[PDB]
Each structure stands twice: as C-alpha cells, then as structure tokens.
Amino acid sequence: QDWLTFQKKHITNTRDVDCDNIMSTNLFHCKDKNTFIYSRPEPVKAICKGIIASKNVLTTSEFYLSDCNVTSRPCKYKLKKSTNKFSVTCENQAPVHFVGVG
C-alpha cells in the first residue's frame, strides 16, 4: 500500500529467508506464497523514480529473489532462490505493491 509496508513485505537482508518462521506471522498469515527481494532498499526504490501517478513498471535490472512457496503441508514452505526481473506498482516515486516476477 505504501513504501514502508512494501519494505516489510518484500525486502529481506538475507537470501536465506526462514519461511516457516516468517510466513506464520500475522503479516503473512500462512498464505500460499510470497516473494522477497534480497537487496538494499535504494536500488528497489530507484525503480520508481519520477513516476507520480500509480503505474506498473517492470525492472530494467535483475534482482536476487527468495520465494517462500507453500508445500503440500499447510503453512510449511520451500525456499526457492532465483534471479529475475519483476514488476511493481509505482506511486509517488516508490514501489507500493509487488505484482509479479519475470
């Protein structure tokens, strides 16, 4: 919804996200999936420079991604790491929602 929440939900300072821990918290509430971006915040924020009204934007650079994907056991995940481009919704020069990968 806003930059501070987007950071909470999608930015990680470790590639090795402990999914069974973090995804069970209330913020995520055992949902099926979540993508974390392993990067410092400024390169992620720069994606949206100059974009004022909401607009979806596909990154021009690739980023390290860590996905927590649920398994056949509820709220139990597999961590999958990859490098890919992604799309975010930019608003007032900051990413405010994660759209999808690739």
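So that there is no doubt, residue numbering starts at 1 and follows the sequence shown.
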- Per the entry, where is the mean C-alpha temperature factor higher: 19-27 or 87-95? 19-27
- Lowest, middle or highest third of the chain for the C-alpha temperature factor of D32? middle
- Among the chain's modelled residues, which third holds the C-alpha B-factor of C75? highest
- Within this chain, which third does the Cα B-factor at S54 fall in: lowest, middle or highest? lowest
